[PDB]
Structure formats: C-alpha cells, structure tokens
Amino acid sequence: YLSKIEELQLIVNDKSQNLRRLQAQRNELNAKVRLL
Amino acid sequence: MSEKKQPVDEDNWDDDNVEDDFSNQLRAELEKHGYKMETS
Amino acid sequence: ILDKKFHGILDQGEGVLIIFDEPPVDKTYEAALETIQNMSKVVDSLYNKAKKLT
Amino acid sequence: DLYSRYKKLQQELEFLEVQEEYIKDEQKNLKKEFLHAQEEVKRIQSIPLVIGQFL
Amino acid sequence: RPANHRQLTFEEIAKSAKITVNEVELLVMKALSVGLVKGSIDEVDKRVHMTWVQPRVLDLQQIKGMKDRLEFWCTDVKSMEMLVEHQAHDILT
Amino acid sequence: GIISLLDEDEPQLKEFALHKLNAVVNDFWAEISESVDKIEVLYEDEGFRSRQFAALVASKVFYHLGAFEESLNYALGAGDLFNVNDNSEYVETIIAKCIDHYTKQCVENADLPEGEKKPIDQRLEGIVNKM
Amino acid sequence: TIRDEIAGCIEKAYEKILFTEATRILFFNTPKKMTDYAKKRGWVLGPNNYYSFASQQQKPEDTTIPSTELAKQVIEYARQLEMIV
Amino acid sequence: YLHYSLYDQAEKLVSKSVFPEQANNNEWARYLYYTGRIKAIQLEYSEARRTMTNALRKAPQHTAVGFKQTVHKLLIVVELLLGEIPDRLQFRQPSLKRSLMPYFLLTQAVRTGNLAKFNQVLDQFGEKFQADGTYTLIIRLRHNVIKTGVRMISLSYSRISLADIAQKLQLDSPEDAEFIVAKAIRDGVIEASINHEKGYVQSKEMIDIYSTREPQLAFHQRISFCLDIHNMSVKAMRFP
Amino acid sequence: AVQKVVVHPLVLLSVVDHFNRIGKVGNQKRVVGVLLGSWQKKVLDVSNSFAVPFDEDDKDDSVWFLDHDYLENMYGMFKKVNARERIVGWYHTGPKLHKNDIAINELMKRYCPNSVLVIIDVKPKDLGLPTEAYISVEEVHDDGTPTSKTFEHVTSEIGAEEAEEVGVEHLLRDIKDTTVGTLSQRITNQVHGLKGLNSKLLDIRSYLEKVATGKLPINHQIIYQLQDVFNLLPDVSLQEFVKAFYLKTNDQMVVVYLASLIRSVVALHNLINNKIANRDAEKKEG
Amino acid sequence: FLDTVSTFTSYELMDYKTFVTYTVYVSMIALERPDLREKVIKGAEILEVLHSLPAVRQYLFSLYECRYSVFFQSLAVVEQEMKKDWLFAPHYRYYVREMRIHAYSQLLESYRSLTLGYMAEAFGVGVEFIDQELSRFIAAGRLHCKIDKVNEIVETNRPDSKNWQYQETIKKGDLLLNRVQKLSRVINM
C-alpha cells in the first residue's frame, strides 16, 4: 500500500488549504480599505 | 479529561508572610528590647 | 541630610560630598504606569475570554 | 481506482501552494499602495489653512 | 610613535626635549598658547593625553606606512562591512 | 545492555546475542542507539556471518528512531533475509519508502542523454516486478 | 576524584595557603604527587608557601561584539517583520 | 513507567518526539507535569521549575476534593530543593490542611535554620513520607537547610568571618564552614575569600550591580519571549 | 566667492534637450552652452538656461567657437521676459574637463566676472550628484609660478523648489515613498561602504601613483593635512577604545530600554484584539 | 479617616479624642515624609485634639525628631498603647517593627559611612542588641543596607530610579500574560 497511503496523507493537506483560504481572506481584507 | 492518574492518588492567610517572622522569631520582643533600658 | 535633602549624599573620602542626579527618567515611569493599567485591561478582557467559549 | 486520486489532489496541492505564495506578496504590495494613499491624505494640509468655526 | 599611546609620560617629552621634568607643563601650556593642539593636560601621572595636532611633512617611507595603516583601515572596514552586509543580506526581499 | 557482551572473537556468542535481540527487542529500542558504531563494525566484517542480520535489526531500530533512509540502505544490504519477508506493516512502510527512492531515482535518471545514470540497485528494482 | 578536586579546589580559587595545609590534606608530606599537583596548577612554588595568584586577568568585558551581533539578531527580527505581511 | 521502574524515560532520550501542535490544555499540562516530575528524580532543576510552573497554572480545573493540590504537593518538593521557594500561603486548602500533603511545617522549617524540628518532621512524619515516596529529598534537603542558613546569613551580612558562622551554626571547626563556603562559591552563591593565615573568612561582595551590561542582554530573552508570543498570536490568527 | 549652489533639475533637462539636438548631427566633441543663474547670496541658484553652437578641432585646443551676438540677444530676451535671471556660467556634457576649458571660462568671465561651469553626464551610472562647480582663482603657488590659474572645486548639490516636482514624481511613478523600516538603510550600507571605500582605495591607488609616479604636484600641502583630519582616529590593532566600550553600552542603553518596554507593549497591542476577534470569527463563524 | 472634621459626635462614637488617637496611630505610617509633616505637623485642627494627650504629640515629635533613644522611649509608650486596642492587639507586632522599619529607612539612606557603634552610642544598647534586629530587618526582604564584620561600615543603596525599576514589567508579562498564553493555547483542542 505504497501510494494507497501517500495520497491519504496528502488528503490531510486539505487542512493546509484552510490556511490558504484564510490568506485569501487576508488579501480580501484591506482591499476594501484601499478601495475606500 | 480531568483525571488520568489523580483519582487513585481578611484572614491570617495573608498575614502568614510576616507571621513567618512572628512564629520562629520575636515573641518576647519588647520583653527584651523594652528591657534594653535597664539591662545595660 | 537625614530629615531634609538637597541630594547631599555623604562620602567620607571625596571632599565634594557629591551631589549628582538624573531627574528625567519618566520614560520608564509612564510606561510602568501604562502596564499597571494594561494588566487590568487584560484581566477585564479575561471575563469575555473565559465566558464566550464555554 | 487509486492512481486517479493523487493525480488530481497533488495538482490541487501544488496549484494551492502557487497561489499561497502569491497572495503573501499581494497583501505586501497593498500596504505600499496604502502608504501612497496615506501621503495623499497627508498632503491635504500643508501651505494653507482657512480658519472657520464649527456650527 | 604607534597610534597615540593615549597618555604620554614626562620622560618622553623631557627626553625628546632634553629638558627637566618641571618644564613640560609650561611646554604643553605654551603649545595651547600657540594653538596647534587642543590637548587635555594629563599630569596626574605626568603622562600627557593627546588631541589633534597640525601635521608635518609626510615622508616617502611615511607615504608607505600611511598606505600600510590606511589600507589596513580601508580593506578591514570594507571587508568587515561586507561581512555585516553578508549577515544583512538575507532579509532584503 | 546485553549488547556489550560481544568482545569475544568467536561469532557464536554474536548469533546467541541476536537470538536474544530478536527475542527481547520488544522492550529495549534505545540501547542500539549507542551501539550504532558496533552495528557498523559488525556490518563491515565480511566473513562474520551476522552482518546481514545486524543490517536487519539496524533497519528495525532506525525505523523506530527515524533513520528510515539508512534503514533503507540496510534493507538493501540485509541480504535475501530481507527480501524473504513481504507481509507486515513494517515491510509495507519500508517498501513504500523504497520505491519512493526508486521513483525519485527514475525521475532523476529519466532526463539524462543516453546514460551517465545513478546506479539503480538491483534489490529496489527487483521488488518492482515482485510487486 | 578527591585529588583532582584538590587540584581544582585548593588553589586557583583562593589567595594563598601555606605548606602545612597541603601537608595535611595532600598526604605523604612530600611526594612528587603533591609536587605534581602544585605544578599541575600551572604555578611555581616558593619556600613554605603556595600562593594562588596570577588569575582572572585584564578585567574582561567583550568590548562591542554583542552590540554588533545582537543587531545581527535584529536582522532576523526584521525577517520576523518580513514573514508576516 | 513511573511505578513500574525507570530508564524508560532514558529510553525516550534517543527518540524524544512530541506533538507538532500542542493538544488539549489539560492534556499538555499534565504531560508537562509528568516530564517535570521525571526531571525531579533526574535532579535537573532549571527546566523543571518553569515546566512545573507551566503545568501548575495550566490545569485550573479539578474536583473539589483536590487533585490540583495533589499536583502541587508532588510538584513543589524539588522547588523546596532549589535552595529557594516562595511561601505556600497561596495554595493552602482546608482538606489539604487535614491531609497535610506538602507539609506547611516543612517549608516553615525551610525558612528556619532549625534542625531538631526539621528532623522531627522527618522522623515523626515518615508515615506521610510513605505517601511522599520521594526520599531523595531529605539526604540533600538537610544540606539545603544548612545551605539555607549560610545563604540567609551571607546574604544578610556584607563581611562575616568563620568565627561567627562556623560556630554559630555549630560546624565545630572553621574548615567545615570553609568547605561549605567552598561549595557555595562552587555554586557561585557567595563571593567570599578565606584568609588562610590566621583563620579569617575575609568575605566580601562584588560590585557593579547597576544596569550597564546585564539587563540589555536579558532583554533578548525578554523580547524573544515577546516576538514568539507575536508569532503565537500570528498562528492563532491563522486558523479561522 | 561662491558658497554653494541650488540647482533645479529643469536646467539639467534643458541640457538634455540640446544633447538630443546634437546626437542627431555630426558630433565632434561635446556641448558648450550658456548657464544662466539667480545669484542672491554667496549661495547660487539657477532657474533656466539655453545653449549656443560650438565646434572644436584638436590641434592646439584654441579653435573653439561661440556666438556672443546670439548669446546676448537671447540673454536680452530672457532678461526682458524675466528680470530675475542673469548669466552665471556655462556647462559641458563630457564628464572629464580638458585644457581648453580655462580659455572658455576666462573668455566668458568678461560679461559677469564669474562663470561657473557645470559638468553633467547624459549617461550617468556611477557618479553621485551630476552638478559640479569650479571657480577660477589663484593660490598662486608655493613656487609662485607665472599665473597658475586654477579651477577650484566649489561644493554643489541638486537644488529644491516648491511644486517643481509636479511633473517629476507623477512621471517616474515607481517611487516607493517612505521605505523607513525596510532596506533603504542597507542600500546606503552597501553603497557607502563599497562606493566610499573604493573612493578610498582609488585614493590609495593615487598613492601608488605617488609611489611609481607623482612627482608632478606630489601635493604635500593639503593631502596629509586633511588626511590628518582623518587621522584623528589612527585605528590600529588592540583597537584603543577601552574608554569607549562603556560609551557604546550607553549608546545601546536607552534604545534597548525602549525596545524591551515598548515591544512588550507591542505584544500587548497585538494579543488583545487578536485573541478576541480571533475566537469571535472562530466560534461565531457558524 | 483623614477628614476628621465632620465626624463630630454621633451615638455610635466613643470618645472623639480617641478617634483622633486612632486616626493618628494609623496615619503616622502609610504617609511619606512630606505628607507626614503636612498632616501630622501642619494639621490645624488636629493640634488641639493631640494637645490633650502629651505623649501622643511627644510621640510624633520624637519620631519626626529622628533621634535614637527617644525612638525607643516613644516606642515604649506606643508599645503600652498598642495591645489595649480591640481588633488591633492581635496585630501588635508588625505595627511595632513597622514603626521601626520607617525609622531605620528614614535614618539609613542619608549616611553612607555608618558604623553601628554610632547607632549603639545613642539607641541605648545595640552592641549585639540591634545586631539580630537589623539582620532580620535586612534579610526579611526590606531595608536594604549591608551589615558588616568589625570593619563595620554600613552601606546603603539606590532610590529605585534606575535599577530595581527594571523588573516588574516582565514579572507581570510572565505571570498574567502567561495565563493568557494558556487561553491562547485554547484554540484547537
């Protein structure tokens, strides 16, 4: 079960993606500040 | 989540600080310092 | 020198009996006075903190 | 059915690392545009002033 | 002499001066009356402290020794400057 | 612990010692971390028979520690006593890491003009067609 | 481990001791053993005395090097201003 | 692996591995408490005081029968063994007063230079030392009593001699107090000197207690603390 | 006679356009044009200038041509339309001067008795400020030669004037205003260390010129004396600042006190709103 | 208590003069020397209601006089007085050494070439009598000076203008900010 488990531990990196969605929220923050 | 080994095994509560100087020491304080006048 | 003062500290071996001092050190004073109240503001936010979770 | 899975999600992960590196410098450059906006605010009062009173 | 010694004895001034101990004081005050040196008259030890002096003629061997201590300064400050900047190089972005 | 006993020149105490090692290996995994150099010396002795089983148990202990890559090289240099086992959780994690090494090896070697490649070892490419 | 701690704990930590204290604590009253220790301090004895001098020289200070290298720590402090936005 | 024996903590020491992220606050607290209580028998007193303080303040929720006074009881014994410890006038509980678990009398005798009552605590209260089970305290905690006495006196006085303290604390001789002061200077506690000619402790104190060089270097600990809490605030900001 | 200058970039662009006027034709050597000026104090100002045609063959550097009629005509023009200005000198675009320049200088020092030149560079990369000032006075010599008429390097700068940057900073558009807090200090570090100690190492290359050559004016008058102004610090090994480590600690003192106190208060700034709004967003997100 | 005017007589009072004695016993300390002299010395209406009892005014002027033996004469008077006082007499000790610590604090910052012979020549007897007294007072945490061997030079300290001030900031940014470090580590689990 080589890549049968590698892909699972890379499914864990969807929780890395919540940090990215947070960063996208950070860039969306101050976007309306500069547009104001 | 609270236990994990352990269920098997104003007052004078602030005066305790200088009371540590009152219990081991100075209980006959002015019974000697008050007698410094006439002892010598 | 005991009762009153002119910052006249005693030295038995100088001559001048040196009076020197630095009065403005309020840089640390006003910051300490801030931290005294800021710890109280943290304490008064701790109620919101410990109450809004559970 | 396994080999299709990390051929999608690995590509998803490296695309997301791509934009996760980009958005940092994005939010960086926004603060420089914000400082330009600050100077644009600050230069509204330099040479004149015409004193009134608030009614 | 090597750079200044920061404190220069009565034997030194009196030895180059071929004069007694009790005249180098008049000497350093007279140099202040001349105004070539702005010195502090260090004679608590009879050992005199140094400030700026109006220089004398740079010799050929003194051109070379000036190149020595000057390039010492130059490439040492430049090299340790590049070292400080080599530590300061990582945070430019 | 029971590993410093090997100052004898005869190897039968070493085989008795590994017979002890695989028996009570289930409680003493830190002691070989001081015996790493003894593992190296007993591995580099050719006519001494138990260099390969030393490589086996060294892969075991360095799989407990975290030196999975010298565990991998020891699994390569652990003889056919390594390849005789392919049914365990231990063995599936380390063949995952082994053909991980093989696939990074192949992706590196695949862009080379006609040769000059790194040596793809025969054990990690034989477990390919064994799988 | 007594004699090495004699060799670290009766000289080069004190001022001066006379020969009879070394005669009591360092037994056999003149071997090449207490002589070995007295020279093992890195020190030459006089008659009937063991000074413990010539130590802790120059009053060291480390002139301006922490001023440099802690600004080199302020460098990664600016990197901590960098890693966040 | 505490009651059933040890060196398993030394079996950790070549494969020590902790969490990536700290877990439940009670969990992380009691885990730090376990490893600090292991460093108690290891007699490493530097990391232990801060990790047991972290574990002490980090578990504020306990049943009213106790268990935080249990954790504190078996916590502060090596803190008594430090040579210095604050007064326990902030931890005294009435059921703890009836169960006499850390012995307020023990740290009362710590503040004294008393030997008869301290060894009376020992001999009289070996029944409660059963519940302690940490008998490594006493064989050097008597040493901590005599070090507490010499620390109190030498901290009080500027210059003192062996003629005062070497017989005031009845060490029967100058040289036994010379060995005590030798181990104190080996601990760096006192800055004394012994006149090895007439029988003087020609003790003294060092100088320059001003803020020239020391606090500005301690401010890298202070500000490293601050910036790491900045980054903890940043990682806290990173989750929603 | 000249204290310093206050020179606006507009006159430099007024050099640039005539450089464009000569880059399209047969360019023998360089540009020689008029430098007007607004001389008020011993300080100097220039608001504007214009050019004049010029050619120069190189056989005895004396064949060089202006048009004083055209010069005084357009001077009368710009003097009528602006009575503030007057001529103050000239300029040239080739960064290295030559021996004809004294003939240029003294031939135009007849209208006003001073005529300060301006070196510029149309392709500047390594220099600092383009603007340069000489003046033609005499010290006569130590050997007192027959009229050693020397250009004397007057200090210079780029000037400043209110609302003359309206075009400029709108045009260039790339300026990162107020980079205090990031990397401007290390740009100044790299450039002042390297680009000043290379000036120093080329001064010692000129010292090697005094070693292998340099009989010429070997100059034992100003060189070692201003180098003695340098030699206020003979910074030899053993470093000689036992009397300045405590002063350096005094330098460290107040700023590190500010750092400790204030950045503790900065952690105290961040944590409050960060925690509160953090768990607000976290457990009120759903 | 300091607003002693409006408390004239109500039918829960005892002797209003004894109210004056109680407020002066509690206001002689927790009152720094400018405030001390302004209240207990420049106090206008207080002077009569302490002109009744001589030993109270004698106590204040013996304390402000800053002698050595009238310290202890005065202190013996207030030793007699402090006991006879309900919900004060179980607190008879820290008030007495509090008077002492105020007295030694106002007497020991000013000198720096101080010998305890100069103390014991005028305190009464202190040749070994103030020895353990001042030693407990120093090593108790307060009253920073240095007690000496027969070299006998008592050496004093700083006014907390620079050095001792530099602690409480990190003493609170450890403790209370570490409590909120715990609450900060309440995010995930």
# chains A, B, ... in the order shown; residues from 1 in each chain; ligands from 1
>>> interface_residues(of="chain G", to="chain H", cutoff="7 Å", atoms="only C-alpha atoms", output="MDAnalysis selection string")
chainID G and resid 14 16:17
>>> interface_residues(of="chain G", to="chain I", cutoff="10 Å", atoms="only C-alpha atoms", output="PyMOL selection string")
chain G and resi 61-67+78+81-82
>>> write_last_selection(atoms="N, CA and C atoms", output="PDB file, in the first residue's frame")
ATOM      1  N   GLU G  61      35.701  42.265  29.255  1.00  0.00           N
ATOM      2  CA  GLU G  61      34.439  42.964  29.070  1.00  0.00           C
ATOM      3  C   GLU G  61      33.678  42.574  27.805  1.00  0.00           C
ATOM      4  N   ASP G  62      34.361  42.088  26.754  1.00  0.00           N
ATOM      5  CA  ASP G  62      33.808  41.827  25.420  1.00  0.00           C
ATOM      6  C   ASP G  62      33.236  43.114  24.816  1.00  0.00           C
ATOM      7  N   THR G  63      34.149  44.002  24.400  1.00  0.00           N
ATOM      8  CA  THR G  63      34.016  45.438  24.139  1.00  0.00           C
ATOM      9  C   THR G  63      32.753  45.917  23.416  1.00  0.00           C
ATOM     10  N   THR G  64      32.550  45.520  22.146  1.00  0.00           N
ATOM     11  CA  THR G  64      31.390  45.960  21.374  1.00  0.00           C
ATOM     12  C   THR G  64      30.803  44.844  20.519  1.00  0.00           C
ATOM     13  N   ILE G  65      31.250  43.608  20.685  1.00  0.00           N
ATOM     14  CA  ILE G  65      30.800  42.487  19.859  1.00  0.00           C
ATOM     15  C   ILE G  65      29.333  42.105  20.094  1.00  0.00           C
ATOM     16  N   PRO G  66      28.775  42.082  21.328  1.00  0.00           N
ATOM     17  CA  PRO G  66      27.318  41.886  21.420  1.00  0.00           C
ATOM     18  C   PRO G  66      26.519  43.010  20.813  1.00  0.00           C
ATOM     19  N   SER G  67      27.051  44.237  20.806  1.00  0.00           N
ATOM     20  CA  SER G  67      26.375  45.335  20.122  1.00  0.00           C
ATOM     21  C   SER G  67      26.251  45.055  18.628  1.00  0.00           C
ATOM     22  N   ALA G  78      13.827  41.746  11.872  1.00  0.00           N
ATOM     23  CA  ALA G  78      13.245  42.328  10.669  1.00  0.00           C
ATOM     24  C   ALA G  78      12.728  41.247   9.729  1.00  0.00           C
ATOM     25  N   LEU G  81       9.467  40.644  10.915  1.00  0.00           N
ATOM     26  CA  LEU G  81       8.584  41.644  10.328  1.00  0.00           C
ATOM     27  C   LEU G  81       8.288  41.357   8.870  1.00  0.00           C
ATOM     28  N   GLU G  82       9.150  40.577   8.223  1.00  0.00           N
ATOM     29  CA  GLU G  82       9.018  40.239   6.813  1.00  0.00           C
ATOM     30  C   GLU G  82       8.073  39.063   6.582  1.00  0.00           C
TER      31      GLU G  82
END
>>> interface_residues(of="chain H", to="chain F", cutoff="10 Å", atoms="only C-alpha atoms", output="PyMOL selection string")
chain H and resi 7-8+10-17
>>> residues_around(residues="residue 86 in chain H", least_positions_apart="6", cutoff="10 Å", atoms="only C-alpha atoms", output="MDAnalysis selection string")
(chainID B and resid 17) or (chainID H and resid 76 79:80 107 111)
>>> write_last_selection(atoms="C-alpha atoms", output="tab-separated table (two decimals), in the first residue's frame")
chain	number	residue	atom	x	y	z
B	17	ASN	CA	4.14	36.28	55.39
H	76	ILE	CA	6.94	21.78	44.80
H	79	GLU	CA	11.24	23.59	44.29
H	80	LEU	CA	11.95	23.39	48.01
H	107	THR	CA	8.54	24.87	54.35
H	111	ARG	CA	12.67	29.34	56.41
>>> closest_atom_pairs(of="chain E", to="chain I", cutoff="12 Å", atoms="only C-alpha atoms", output="tab-separated table")
residue	atom	partner	partner_atom	distance
E:1	CA	I:234	CA	11.1
E:2	CA	I:236	CA	8.2
E:3	CA	I:234	CA	5.4
E:4	CA	I:234	CA	7.7
E:5	CA	I:240	CA	8.5
E:6	CA	I:240	CA	8.2
E:7	CA	I:240	CA	11.6
E:37	CA	I:232	CA	11.9
E:38	CA	I:232	CA	12.0
E:50	CA	I:232	CA	10.1
E:51	CA	I:232	CA	7.7
E:52	CA	I:232	CA	6.2
E:53	CA	I:228	CA	8.2
E:54	CA	I:225	CA	7.5
E:55	CA	I:225	CA	6.1
E:56	CA	I:225	CA	8.2
E:57	CA	I:220	CA	6.5
E:58	CA	I:224	CA	6.6
E:59	CA	I:220	CA	9.1
E:60	CA	I:211	CA	8.1
E:61	CA	I:211	CA	10.1
E:62	CA	I:224	CA	10.3
E:63	CA	I:207	CA	7.6
E:64	CA	I:211	CA	8.2
E:65	CA	I:207	CA	11.4
E:66	CA	I:204	CA	9.5
E:67	CA	I:204	CA	6.8
E:68	CA	I:204	CA	10.0
E:69	CA	I:236	CA	7.0
E:70	CA	I:204	CA	8.3
E:71	CA	I:201	CA	7.5
E:72	CA	I:236	CA	8.0
E:73	CA	I:235	CA	7.0
E:74	CA	I:197	CA	6.2
E:75	CA	I:197	CA	7.9
E:76	CA	I:197	CA	10.2
E:77	CA	I:193	CA	7.9
E:78	CA	I:193	CA	6.1
E:79	CA	I:193	CA	9.3
E:80	CA	I:193	CA	9.8
E:81	CA	I:193	CA	6.4
E:82	CA	I:190	CA	7.7
E:83	CA	I:190	CA	10.8
E:84	CA	I:189	CA	9.3
E:85	CA	I:190	CA	7.0
E:86	CA	I:190	CA	10.0
E:87	CA	I:186	CA	10.9
E:88	CA	I:186	CA	7.4
E:89	CA	I:186	CA	8.5
E:90	CA	I:183	CA	10.9
E:91	CA	I:183	CA	8.2
E:92	CA	I:183	CA	6.0
E:93	CA	I:183	CA	8.8
>>> write_last_selection(atoms="C-alpha atoms", output="PDB file, in the first residue's frame")
ATOM      1  CA  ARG E   1      55.031  56.570  17.564  1.00  0.00           C
ATOM      2  CA  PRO E   2      52.306  53.865  17.445  1.00  0.00           C
ATOM      3  CA  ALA E   3      48.944  55.430  17.103  1.00  0.00           C
ATOM      4  CA  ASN E   4      48.863  57.757  20.142  1.00  0.00           C
ATOM      5  CA  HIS E   5      49.575  55.669  23.326  1.00  0.00           C
ATOM      6  CA  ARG E   6      46.665  57.832  24.670  1.00  0.00           C
ATOM      7  CA  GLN E   7      48.827  59.005  27.622  1.00  0.00           C
ATOM      8  CA  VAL E  37      46.988  71.214  19.826  1.00  0.00           C
ATOM      9  CA  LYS E  38      43.700  71.161  21.767  1.00  0.00           C
ATOM     10  CA  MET E  50      46.702  63.752  23.107  1.00  0.00           C
ATOM     11  CA  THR E  51      44.395  65.586  20.700  1.00  0.00           C
ATOM     12  CA  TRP E  52      44.680  66.846  17.116  1.00  0.00           C
ATOM     13  CA  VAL E  53      47.998  68.356  16.009  1.00  0.00           C
ATOM     14  CA  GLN E  54      48.923  70.382  12.942  1.00  0.00           C
ATOM     15  CA  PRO E  55      50.812  67.760  10.899  1.00  0.00           C
ATOM     16  CA  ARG E  56      54.300  67.742   9.442  1.00  0.00           C
ATOM     17  CA  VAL E  57      55.616  66.606   6.078  1.00  0.00           C
ATOM     18  CA  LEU E  58      54.641  63.085   5.033  1.00  0.00           C
ATOM     19  CA  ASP E  59      57.825  61.254   4.083  1.00  0.00           C
ATOM     20  CA  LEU E  60      58.209  58.629   1.357  1.00  0.00           C
ATOM     21  CA  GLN E  61      58.532  55.874   3.950  1.00  0.00           C
ATOM     22  CA  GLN E  62      55.683  57.653   5.723  1.00  0.00           C
ATOM     23  CA  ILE E  63      53.687  57.538   2.476  1.00  0.00           C
ATOM     24  CA  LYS E  64      54.342  53.785   2.565  1.00  0.00           C
ATOM     25  CA  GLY E  65      53.483  53.322   6.254  1.00  0.00           C
ATOM     26  CA  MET E  66      50.450  55.518   5.687  1.00  0.00           C
ATOM     27  CA  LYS E  67      49.473  53.165   2.866  1.00  0.00           C
ATOM     28  CA  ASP E  68      50.007  50.314   5.351  1.00  0.00           C
ATOM     29  CA  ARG E  69      47.816  51.549   8.217  1.00  0.00           C
ATOM     30  CA  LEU E  70      45.445  53.314   5.822  1.00  0.00           C
ATOM     31  CA  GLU E  71      44.786  50.275   3.645  1.00  0.00           C
ATOM     32  CA  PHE E  72      44.586  48.375   6.945  1.00  0.00           C
ATOM     33  CA  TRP E  73      41.660  50.662   7.810  1.00  0.00           C
ATOM     34  CA  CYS E  74      40.314  50.610   4.242  1.00  0.00           C
ATOM     35  CA  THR E  75      40.196  46.899   3.495  1.00  0.00           C
ATOM     36  CA  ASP E  76      39.416  45.948   7.110  1.00  0.00           C
ATOM     37  CA  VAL E  77      36.395  48.249   7.325  1.00  0.00           C
ATOM     38  CA  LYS E  78      35.445  47.238   3.779  1.00  0.00           C
ATOM     39  CA  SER E  79      35.814  43.500   4.453  1.00  0.00           C
ATOM     40  CA  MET E  80      34.035  43.533   7.809  1.00  0.00           C
ATOM     41  CA  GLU E  81      31.493  45.838   6.169  1.00  0.00           C
ATOM     42  CA  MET E  82      30.868  43.170   3.539  1.00  0.00           C
ATOM     43  CA  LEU E  83      30.595  40.674   6.412  1.00  0.00           C
ATOM     44  CA  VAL E  84      27.978  42.803   8.200  1.00  0.00           C
ATOM     45  CA  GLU E  85      26.151  43.136   4.877  1.00  0.00           C
ATOM     46  CA  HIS E  86      26.556  39.388   4.325  1.00  0.00           C
ATOM     47  CA  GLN E  87      24.623  38.899   7.536  1.00  0.00           C
ATOM     48  CA  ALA E  88      22.233  41.691   6.475  1.00  0.00           C
ATOM     49  CA  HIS E  89      21.829  40.111   3.041  1.00  0.00           C
ATOM     50  CA  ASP E  90      19.145  37.604   3.961  1.00  0.00           C
ATOM     51  CA  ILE E  91      16.305  39.999   4.808  1.00  0.00           C
ATOM     52  CA  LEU E  92      16.168  42.233   1.741  1.00  0.00           C
ATOM     53  CA  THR E  93      13.339  40.532  -0.207  1.00  0.00           C
TER      54      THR E  93
END
>>> interface_residues(of="chain A", to="chain H", cutoff="10 Å", atoms="only C-alpha atoms", output="list in words")
residues 15, 18, 19, 20, 21, 22, 23, 25 and 26 of chain A
>>> write_last_selection(atoms="N, CA and C atoms", output="PDB file, in the first residue's frame")
ATOM      1  N   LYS A  15      -6.266  20.432   4.937  1.00  0.00           N
ATOM      2  CA  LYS A  15      -6.236  21.307   6.090  1.00  0.00           C
ATOM      3  C   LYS A  15      -5.106  22.320   6.000  1.00  0.00           C
ATOM      4  N   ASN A  18      -7.076  25.297   4.201  1.00  0.00           N
ATOM      5  CA  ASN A  18      -7.843  26.249   5.002  1.00  0.00           C
ATOM      6  C   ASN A  18      -6.990  27.447   5.403  1.00  0.00           C
ATOM      7  N   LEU A  19      -5.693  27.225   5.646  1.00  0.00           N
ATOM      8  CA  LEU A  19      -4.770  28.334   5.881  1.00  0.00           C
ATOM      9  C   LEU A  19      -4.662  29.224   4.651  1.00  0.00           C
ATOM     10  N   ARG A  20      -4.701  28.620   3.466  1.00  0.00           N
ATOM     11  CA  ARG A  20      -4.674  29.391   2.230  1.00  0.00           C
ATOM     12  C   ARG A  20      -5.950  30.196   2.040  1.00  0.00           C
ATOM     13  N   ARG A  21      -7.106  29.586   2.321  1.00  0.00           N
ATOM     14  CA  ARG A  21      -8.365  30.325   2.251  1.00  0.00           C
ATOM     15  C   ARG A  21      -8.390  31.449   3.271  1.00  0.00           C
ATOM     16  N   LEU A  22      -7.746  31.231   4.415  1.00  0.00           N
ATOM     17  CA  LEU A  22      -7.542  32.299   5.378  1.00  0.00           C
ATOM     18  C   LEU A  22      -6.683  33.414   4.791  1.00  0.00           C
ATOM     19  N   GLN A  23      -5.605  33.064   4.087  1.00  0.00           N
ATOM     20  CA  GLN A  23      -4.754  34.079   3.464  1.00  0.00           C
ATOM     21  C   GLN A  23      -5.486  34.839   2.367  1.00  0.00           C
ATOM     22  N   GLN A  25      -8.645  35.380   2.449  1.00  0.00           N
ATOM     23  CA  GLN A  25      -9.441  36.297   3.248  1.00  0.00           C
ATOM     24  C   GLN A  25      -8.614  37.480   3.740  1.00  0.00           C
ATOM     25  N   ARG A  26      -7.326  37.272   4.020  1.00  0.00           N
ATOM     26  CA  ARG A  26      -6.475  38.384   4.444  1.00  0.00           C
ATOM     27  C   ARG A  26      -6.253  39.374   3.312  1.00  0.00           C
TER      28      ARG A  26
END
>>> residues_around(residues="residue 26 in chain B", least_positions_apart="6", cutoff="12 Å", atoms="only C-alpha atoms", output="list in words")
residues 18, 19, 20, 32 and 33 of chain B; 92, 93, 94, 96, 97, 132, 133, 136 and 137 of chain J
>>> write_last_selection(atoms="N, CA and C atoms", output="CSV table (one decimal), in the first residue's frame")
chain,number,residue,atom,x,y,z
B,18,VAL,N,4.6,37.8,57.3
B,18,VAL,CA,5.3,38.3,58.4
B,18,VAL,C,5.1,37.5,59.6
B,19,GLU,N,4.0,36.6,59.6
B,19,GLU,CA,3.8,35.7,60.7
B,19,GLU,C,4.9,34.6,60.7
B,20,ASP,N,5.5,34.3,59.5
B,20,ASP,CA,6.7,33.5,59.4
B,20,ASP,C,7.9,34.2,60.2
B,32,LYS,N,12.5,42.2,75.7
B,32,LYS,CA,14.0,42.3,75.8
B,32,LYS,C,14.4,43.6,75.3
B,33,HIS,N,13.8,44.1,74.2
B,33,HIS,CA,14.1,45.4,73.7
B,33,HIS,C,13.5,46.5,74.5
J,92,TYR,N,-0.2,43.3,67.3
J,92,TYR,CA,0.7,44.2,68.0
J,92,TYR,C,2.1,44.2,67.4
J,93,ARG,N,2.4,43.2,66.5
J,93,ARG,CA,3.8,43.1,66.2
J,93,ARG,C,4.3,43.8,64.9
J,94,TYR,N,3.6,43.6,63.8
J,94,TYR,CA,4.0,44.3,62.6
J,94,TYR,C,3.9,45.8,62.6
J,96,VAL,N,4.8,47.5,65.3
J,96,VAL,CA,5.9,48.0,66.1
J,96,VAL,C,7.2,47.9,65.2
J,97,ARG,N,7.4,46.8,64.5
J,97,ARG,CA,8.5,46.8,63.6
J,97,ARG,C,8.2,47.6,62.3
J,132,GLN,N,21.0,41.2,65.6
J,132,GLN,CA,20.0,40.3,65.1
J,132,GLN,C,18.7,41.1,64.6
J,133,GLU,N,18.4,42.2,65.2
J,133,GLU,CA,17.3,43.0,64.8
J,133,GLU,C,17.4,43.6,63.4
J,136,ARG,N,17.5,40.6,60.8
J,136,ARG,CA,16.2,40.1,60.4
J,136,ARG,C,15.5,41.2,59.5
J,137,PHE,N,15.8,42.5,59.8
J,137,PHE,CA,15.1,43.5,59.0
J,137,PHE,C,15.6,43.6,57.6
